[PDB]
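Please read the structure below before turning to the comments.
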Number of protein chains: 4
Amino acid sequence: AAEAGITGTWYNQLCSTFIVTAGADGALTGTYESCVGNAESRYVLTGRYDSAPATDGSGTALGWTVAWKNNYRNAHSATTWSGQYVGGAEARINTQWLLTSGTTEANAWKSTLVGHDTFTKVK
Amino acid sequence: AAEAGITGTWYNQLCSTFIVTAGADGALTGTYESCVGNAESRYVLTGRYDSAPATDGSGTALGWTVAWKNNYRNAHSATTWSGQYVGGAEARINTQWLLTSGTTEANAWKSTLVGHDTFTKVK
Amino acid sequence: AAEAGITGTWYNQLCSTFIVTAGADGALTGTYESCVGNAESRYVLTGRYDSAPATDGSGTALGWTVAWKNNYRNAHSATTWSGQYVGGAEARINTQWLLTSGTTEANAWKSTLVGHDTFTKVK
Amino acid sequence: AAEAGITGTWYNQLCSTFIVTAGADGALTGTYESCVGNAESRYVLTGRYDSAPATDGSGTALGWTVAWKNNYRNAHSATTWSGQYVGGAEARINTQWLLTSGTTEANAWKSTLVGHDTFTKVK
Ligand SMILES: O=C(O)CCCC[C@@H]1SC[C@@H]2NC(=O)N[C@@H]21
Ligand SMILES: O=C(O)CCCC[C@@H]1SC[C@@H]2NC(=O)N[C@@H]21
Ligand SMILES: O=C(O)CCCC[C@@H]1SC[C@@H]2NC(=O)N[C@@H]21
Ligand SMILES: O=C(O)CCCC[C@@H]1SC[C@@H]2NC(=O)N[C@@H]21
C-alpha cells in the first residue's frame, strides 16, 4: 500500500516539486525542484521509507535528502525532510525539515534552518 | 577533500556507529547501528553530500536517512540527520536530526523527535 | 501595531487556546490550554515579543513558554513556541515548537518533540 | 531542589551568559547576553520551569524566551530555549533552541534557525 502510494509526483504548499520512486527494498530515489532559495532546476534526492508499515491506521515513516548542488548552482547546503505518508483520497506527505549550510566553525551556531512542508498529489 | 574525508566509520557521542561511502556523484551509502531506541544491528542508510564544497574554511553540507526496518525489527520510524563535515586532525560530522514515527492523525502532533549527534573517527 | 494586534485570544489549527497580553515593555503573559497531550485546563505562560518591529511588511518575532504543571496535573515537561505575528484581516501567529520532557540521562536523546502550530483569531 | 539549583549565572559552551531567578511559582526571570549574532549587552528573558519535578532521577523541564530588542539594538528576532536542568556536582542545563526572525511572507520558510546550547555553572 505504501510502495504503491508514495511513487509519483508531489507538490508542496507553495511551488516545489518532489518526484519519487519508492522501491520494494525501502529506497526512495528521484528529484526535487525548489521554487525558493538558492536553487534552480532539479536536484538528486535519495531517502528511505518503511516498506512494511503498520496496518492500524498509522502513517508510513520516511525521509530523504537533497544536497543543493547540480549542473547550474551550488548552494553549499543540504536539506533533509523527515515525515510520514498518509494514504487515502486526499493523500499527504507531512514533513519537517532541516536545512544545513556549510559554515565556518565561528558561524556553525547559525548553520541550520528548520521548517515544515506538506506535500499533496495535486498542486 | 570531502569525498576522501567522509568515507569510513564514524562514532557518535555515546555508542552509535555510522558506516558510509561518499561517492564521486554526491551519494552517501552505508549502514547505521544505534545503541539506543527500538533498534538492533545494522540498518540501510542513504544520503547526499556537497561534492564540491567551498575552499574558504567552511564545512561540507550533508544529510542521510535511516528507516528503522531491518530483518530483526521494525520501529515504524525514520531518522534524518542534517549537518556538516569538518575536516582536519580532529575530523567531525556535526548534525541535527529529526526522528519521525508513523502515527495516527490524532497523534501526528507528537510524531517527531529532534536532537543532535556529533560524529568522530575515534570512539 | 504589534502590541495592539497580539493581545487577545488565539486558537491553533485543532483545539488549543492561547490567551495573551502583550505589554508595552515586550512582555507576553497569559494562559494556554491544550486539547492534546498530558494536559488539563489552563497553564501559565510567559514570553517576549519585539515591541518595535520593522515597518517593511515583516512579521513580529515572538516566543513563549508553558511548563505543564498546574493544580490538576504535572506532565514534567515544557513547551516553547518560537514564531512571528502577521497582522491584517486574516491575522496569524505562525510558530514552531519544542516540547522537552524531564528524562534520565540515558533517555535524554529522546527528550524533545518538535512541531508547528498556526494560531488564528477565529476557531 | 530545582528552585535552589536553577537560580544563578550560567554559561554556554562558547561565550554566552544566562542570568536567571527561579521563582517558587514556576517563573524564570533574568537576562541573557549573547557573544554571537546581532546582539549587544543584556536582553530581558522570561520563562517557566517545572517547580515540582520527579524524584526518580529525571531532569527538570524548563524553557525561556529572549526577544532581541534592547536599548542598543533590535535584531527583529526571538529565541526560545527548551530543555532540562540536571542537578549534581556537574550541574547542566541542556537545551535546544529556535531562533525566529521577523520576515515577509515570501521569506517565512527561512525564518527559523535551530540549534542547541549546553549551560554550566563554570565558564
Ligand atoms: O537556499 C538553499 O540553501 C537551497 C534551497 C533550499 C530550499 C528549501 S529546502 C526546504 C524548503 N522546502 C522547499 O521546497 N524549499 C525550501
Ligand atoms: O526508536 C526508534 O524509533 C528507532 C531508533 C532511533 C535511534 C535514534 S536516531 C537519532 C539518535 N541517534 C542515534 O544514534 N540513535 C538515536
Ligand atoms: O503532554 C505533555 O507533555 C504536555 C502537553 C503538550 C501539548 C503540546 S504543546 C505543543 C502542541 N501544541 C498544542 O497546543 N498542544 C501540543
Ligand atoms: O542574531 C540575532 O537574531 C540575535 C542573536 C541570536 C543569538 C543566538 S540565540 C541562540 C544561540 N545561543 C546563543 O547564546 N547565541 C545564539
Practice item. For the range C:60-67, indicate whether the set of residues that are of a type in the set (S, T, N, Q), within 11 Å of the chain's Cα centre (by Cα) and more than 9 Å from ligand 3 (Cβ to nearest atom) is non-empty. Key: yes
Practice item. Kindly list the number of the only condition in (1) under 22 Å from C:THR103 (Cα atoms); (2) charged (D, E, K, R); (3) surrounded by 18 or more Cβ atoms within 10 Å (Cβ to Cβ) that fails for D:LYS69. Key: (1)
Check your understanding: Which ones in the range B:107-123 are in a loop (DSSP other than H, G, I, E, B) and either small (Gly, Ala, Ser) or within 7 Å of chain A (Cβ to nearest Cβ) (or both)?
Key -> B:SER111
Review point. For the range C:40-59, how many residues are under 15 Å from the mean Cα position of the chain (by Cα) and away from ligand 4 (no atom under 16 Å from the Cβ)?
Key: 5
Practice item. Go over the candidates C:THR60, C:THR120, C:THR79 one by one and state the one that is among the polar types (S, T, N, Q) and surrounded by fewer than 19 Cβ atoms within 10 Å (Cβ to Cβ). Key: C:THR120
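Quick reminder, even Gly has a Cβ in these numbers, built from the backbone with ideal geometry, and neighbours come from all protein chains shown. The numbers here are math on the coordinates, done by the rules we state, and not lab data.
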